[PDB]
Every structure is written in C-alpha cells, then in structure tokens.
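Right, one structure below, let's go through it.
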Amino acid sequence: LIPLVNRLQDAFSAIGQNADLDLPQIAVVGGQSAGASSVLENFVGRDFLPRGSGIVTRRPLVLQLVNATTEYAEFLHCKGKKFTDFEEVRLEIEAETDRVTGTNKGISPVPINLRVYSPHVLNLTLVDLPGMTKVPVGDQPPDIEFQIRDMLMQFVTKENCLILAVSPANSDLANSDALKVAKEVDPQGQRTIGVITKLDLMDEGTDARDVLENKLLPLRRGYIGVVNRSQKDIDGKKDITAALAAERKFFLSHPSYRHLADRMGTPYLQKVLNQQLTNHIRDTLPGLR
Amino acid sequence: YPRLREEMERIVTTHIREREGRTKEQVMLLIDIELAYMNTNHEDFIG
Ligand SMILES: Nc1nc2c(ncn2[C@@H]2O[C@H](COP(=O)(O)OP(=O)(O)O)[C@@H](O)[C@H]2O)c(=O)[nH]1
Ligand SMILES: [Mg+2]
Numbered sequence: 009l010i011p012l013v014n015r016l017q018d019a020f021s022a023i024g025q026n027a028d029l030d031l032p033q034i035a036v037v038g039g040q041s042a043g044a045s046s047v048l049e050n051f052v053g054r055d056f057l058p059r060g061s062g063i064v065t066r067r068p069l070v071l072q073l074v075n076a077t078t079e080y081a082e083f084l085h086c087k088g089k090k091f092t093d094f095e096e097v098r099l100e101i102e103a104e105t106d107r108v109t110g111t112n113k114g115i116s117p118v119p120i121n122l123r124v125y126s127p128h129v130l131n132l133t134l135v136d137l138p139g140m141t142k143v144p145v146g147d148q149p150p151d152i153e154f155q156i157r158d159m160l161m162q163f164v165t166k167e168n169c170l171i172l173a174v175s176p177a178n179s180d181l182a183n184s185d186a187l188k189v190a191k192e193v194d195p196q197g198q199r200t201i202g203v204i205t206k207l208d209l210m211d212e213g214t215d216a217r218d219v220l221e222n223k224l225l226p227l228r229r230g231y232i233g234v235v236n237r238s239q240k241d242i243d244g245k246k247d248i249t250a251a252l253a254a255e256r257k258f259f260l261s262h263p264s265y266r267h268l269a270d271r272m273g274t275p276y277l278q279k280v281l282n283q284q285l286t287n288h289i290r291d292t293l294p295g296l297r
Numbered sequence: 449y450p451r452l453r454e455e456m457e458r459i460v461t462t463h464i465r466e467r468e469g470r471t472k473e474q475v476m477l478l479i480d481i482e483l484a485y486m487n488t489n490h491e492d493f494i495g
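Okay, here's the thing in structure tokens:
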C-alpha cells in the first residue's frame, strides 16, 4: 500500500500547481567501502549507481526524485535526453566522473546533478558523498583527507537534513568515521540514524548483537542492520528481489538475530524514514489546508 | 527528555500555526470594513 504522505504527493501532482510538501534533505555518510552507495541503491529501488570495491564515488551525486506518471531519468547536462535504461545512466555517471577527476583516483568537489521521475517518490532529495580516507593513493594530494571532510561539512552541517551513518559490521564500531562525524555535527542524536551493513561477513565466533541492541554505543534512534549483494552477485547480475529474499532469510536464520528479525532489513529502514519524514510536515499541514 | 521536548515544541508550534489562520482573516476583514463606507463626521476638514 501507499503511505499517506505519498498519497499527498500524488494529490498535489493531480492539482499540478502552487502546492508541494517541504521535506528535509537526506545525506548518507560513511567510510570507504562501508556500503553507502548500496544503501542509496536499495532505498531508491533502482540499480543505477556505480558500485564495487575501491574508490568508485569520486564526486557528490545529488539525486533529486520527482513524482511523475512514467519512470525515467535525466541530467542537467546532456539536456533533453530522456534515459529509460538505467545502465546508460550508470555509464554516464562514470564518464562524467572521469571527464573532470581523471582516471588516477582523483577527487573533485563539483557535484553531479541527476533527476529521476517515478510514480511514488515524493520529492525527496538524496546526496551521495565520496567516502572518507586516511592515506593518499594514486594522483591524490597529501591533504585529501581534509578536502573530503570539507565536502561532507557542506551538507551534514545544515539543518533540515537527515544523516545515515553507515558502518561495516566486520570492523569494530569504535573506528567508524561516520559516527565521529554524526556525533560532531549532531551531538544530541536528533537526526542521525545508524546502519550496519556487512553482518554476513562477521568473523566466525563473533556478532554485532551488542551494537544492534543500542547498548555498546547508545544512539538515540537505534541501529538497523542490512545485508546487500556481494561483489560476485553484483558482477553476477543478481536481481534486487533475490537480494531482499536472501536478507530476510539471513536475519530469520541467524541465532543471534531471531528476536530482532522484525527490526532489521531494508524495508524497515524505509518505514523508519517514512515516519521520520511524515513528522517534519505535522506543523506545516495547517498552512497547506 | 528528548521525546518530551520534541513533542511539547511540536504541539505549541502547531497551535500557533492554526491561530495565524484566524489572526489574518480579521486583518483582511478590517481593511474591507475600511473600504465599505467613508465617514467624514470627525477630525476632518469638513468635520
Ligand atoms: N557481502 C556483503 N558485501 C557488501 C555488503 N554491503 C556492501 N558490500 C560490498 O561493498 C562493496 C563496496 O560498497 P560500496 O557501495 O562501494 O560502498 P561505497 O564505497 O561507500 O560506495 C560492494 O562491492 C559490495 O559487494 C553486504 O551487506 N554484504
Ligand atoms: Mg561510494
């Protein structure tokens, strides 16, 4: 079923003018290879982002959804071309990245603007940022760490902006740069939500049960655990439906997560973000009405 | 108490919003009343 706040965007689309909801911007932040771009991919529901091991995200991708009757994408460059095949979108993203950054692992602050039209996508804006690193590699100047942080500090330091802190499960939580940034810009935990991405790669004999129960490093809004497609599966062209079925099997099966099964997965993350967004319009509805 | 501060501020601001919708009607209606009739009986050259 369609949640009410989506039904509103459908209605305002039917009206066609002079009305729209005011929603926050969503930013995803994490360390390199954490799995952030597989989180945006899962959330949107279309496999159009470049993904894989190593530096991939070299530029800020400002994905802007729009509600419409037909599914397609477009860029603010290559004006007028309507992309109905998202593989072309993915290749265009890679080509646009290379045209500016170069091929020797360069990083640039100039954002890439993409707009996606689809039936039930409210007007949510999503931002993808290029990870975080400590040691320069390739044709990267020594001070790349500060430039990447400075890129982050232009999005997560604004209000009206949710933050997803993405952190791998097979790396002790104390090392996460996502939480460090979220804690620095959102000390009270008001906007931050935590995502734990690689629960299937835990070294045999360990788990993240202590982190999923919000005990080890208490965060106001809790932690949500997800399992995405491995490198082989993405190279094997596995469909999202199979990935979701696998995620459900994993959480339902793992002995340490059976009692948390109903709070874990991508769909639950969707519910949490729908409730979060629904609660940012409550005091504005009287004006719309 | 983050939950209680959040709710309390949401409620008091939603109320202030529902009242802006009533405060602005009487300002429009007072200007309309100013346009309905021309009263030259006081504090004017003729009066
Ligand atoms: N097995 C497994 N691999 C994952 C999971 N999440 C992410 N990965 C791997 O992480 C790799 C890189 O993730 P990526 O999306 O690039 O994170 P980014 O570097 O922030 O873009 C992908 O190739 C995935 O195969 C997971 O839940 N399980
Ligand atoms: Mg990335």
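Chains as they are written, first to last, in the UniProt record's numbering: chain A, 9 to 297; chain B, 449 to 495.
Cβ atoms here follow ideal geometry from the backbone N, Cα and C, with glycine treated the same way.
(1) With 7 Å as the limit, tell me which residues of the region 277 to 295 of chain A have their beta carbon closer than that to any beta carbon of chain B; keep them in chain order.
(2) Taking only runs that begin and end inside the region 170 to 257 of chain A, name each unbroken alpha helix (DSSP H) of 4 or more residues, in chain order.
(3) With a threshold of 8 Å between beta-carbons, can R465(B) be considered close to chain A, or not?
(4) Given this structure, state the Cα-to-Cα distance separating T78(A) from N183(A), to the nearest angstrom.
(5) Under 7 Å, CB to CB, which of the residues in the region 226 to 242 of chain A have a partner in chain B?
(6) For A81(A), list the residues DSSP reports as bridge partners.
(7) Which bits of chain A does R470(B) rub up against, with CB to CB less than 7 Å?
(8) If I measure Cβ to Cβ from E102(A) and keep anything under 6 Å in the same chain, skipping five residues before and after, which residues do I get?
(9) Between the C-alpha atoms of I115(A) and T462(B), what's the straight-line distance to the nearest angstrom?
(10) Write down the C-beta distance between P119(A) and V70(A) rounded to the nearest angstrom, noting that I regard them as a contact closer than 8 Å.
(11) Check the Cβ of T488(B) against every Cβ in chain A and list those closer than 8 Å, keeping chain order.
(12) Would you report the Cα separation of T214(A) and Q155(A), rounded to the nearest angstrom?
(13) Heavy atom of ligand 1 less than 7 Å from the Cβ of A190(A), yes or no?
(14) Could you give the DSSP three-state label for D136(A): helix, strand or coil?
(15) Does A22(A) come out as helix, strand or coil in the three-state DSSP assignment?
(16) Drop a sphere of 10 angstroms on the beta-carbon of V174(A), count the other beta-carbons inside from all chains shown, and report buried for 16 or more, exposed for fewer.
(17) Determine the direct distance from the alpha carbon of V135(A) to that of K113(A), and round the result to whole angstroms.
(18) Output the distance between the C-alpha atoms of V460(B) and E454(B), rounded to the nearest integer angstrom.
(19) Strictly under 8 Å for the Cβ-Cβ distance: is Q162(A) near chain B by that measure?
(20) For a test of the three-state rule: what should DSSP assign to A42(A), helix, strand or coil?
The answer reads as follows:
(1) Residues of the region 277 to 295 of chain A whose Cβ lies closer than 7 Å to any Cβ of chain B, in chain order: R290, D291, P294, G295.
(2) Taking 4 residues as the shortest admissible run, the region 170 to 257 of chain A contains the following complete alpha helix (DSSP H) segments, listed from N- to C-terminal end: 185 to 193, 217 to 220, 239 to 243.
(3) Translated into the one-based positions of the second sequence, residue 465(B) becomes position 17. By this cut-off, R465(B) is an interface position.
(4) Taking the first residue of the first sequence as 1, we reach residue 78(A) at position 70. Taking the first residue of the first sequence as 1, we reach residue 183(A) at position 175. Rounded to whole angstroms, the separation of the alpha carbons of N183(A) and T78(A) is 43 Å.
(5) Listed in sequence order: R228.
(6) Counting from one through the first sequence, the residue named residue 81(A) turns up at place 73. In the DSSP assignment, the residues bridged to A81(A) are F91(A), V124(A).
(7) Position 22 of the second sequence holds residue 470(B). The CB of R470(B) never comes closer than 7 Å to any CB in chain A; the least such distance is about 11 Å.
(8) Counting from one through the first sequence, the residue named residue 102(A) turns up at place 94. Taken in chain order, the residues that qualify are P58.
(9) Position 107 of the first sequence, counted from the start, is the residue given in the question as residue 115(A). Position 14 of the second sequence, counted from the start, is the residue given in the question as residue 462(B). Across the structure, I115(A) and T462(B) are spaced so that their CA atoms are roughly 44 Å apart.
(10) Residue numbering aside, residue 119(A) sits at position 111 when the first sequence is read from its first letter. Residue numbering aside, residue 70(A) sits at position 62 when the first sequence is read from its first letter. With 8 Å as the limit, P119(A) and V70(A) qualify as a contact, their Cβ atoms being about 5 Å apart.
(11) For the purposes of this step, residue 488(B) is taken as the residue at position 40 of the second sequence. Within 8 Å Cβ-Cβ: nothing; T488(B) doesn't reach chain A, min ~40 Å.
(12) Translated into the one-based positions of the first sequence, residue 214(A) becomes position 206. Translated into the one-based positions of the first sequence, residue 155(A) becomes position 147. Between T214(A) and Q155(A), the C-alpha separation is close to 36 Å.
(13) Against the first sequence, residue 190(A) aligns to sequence position 182. No, the Cβ of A190(A) stays beyond 7 Å of every heavy atom of ligand 1.
(14) Counted from its first residue, the first sequence places residue 136(A) at position 128. It is a strand residue.
(15) One-based indexing of the first sequence puts residue 22(A) at position 14. Note: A22(A) maps to helix in three-state DSSP.
(16) Residue mapping note: residue 174(A) aligns to position 166 of the first sequence, counting from 1. By the neighbour-count criterion, in which a residue is buried when 16 or more other Cβ atoms sit within 10 angstroms of its Cβ, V174(A) is buried.
(17) Within the first sequence, numbered from 1, the residue matching residue 113(A) stands at position 105. Within the first sequence, numbered from 1, the residue matching residue 135(A) stands at position 127. So the alpha carbons of these two residues sit roughly 21 Å apart.
(18) Looking up residue 460(B) in the second sequence gives position 12. Looking up residue 454(B) in the second sequence gives position 6. Cα to Cα, the separation comes out at about 10 Å.
(19) Locating residue 162(A) in the first sequence gives position 154, where the first residue counts as 1. Not one chain B Cβ lies under 8 Å of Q162(A).
(20) Working through the first sequence from its first residue, we reach residue 42(A) at position 34. In this structure, DSSP gives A42(A) a state outside helix and strand, which the three-state scheme calls coil.
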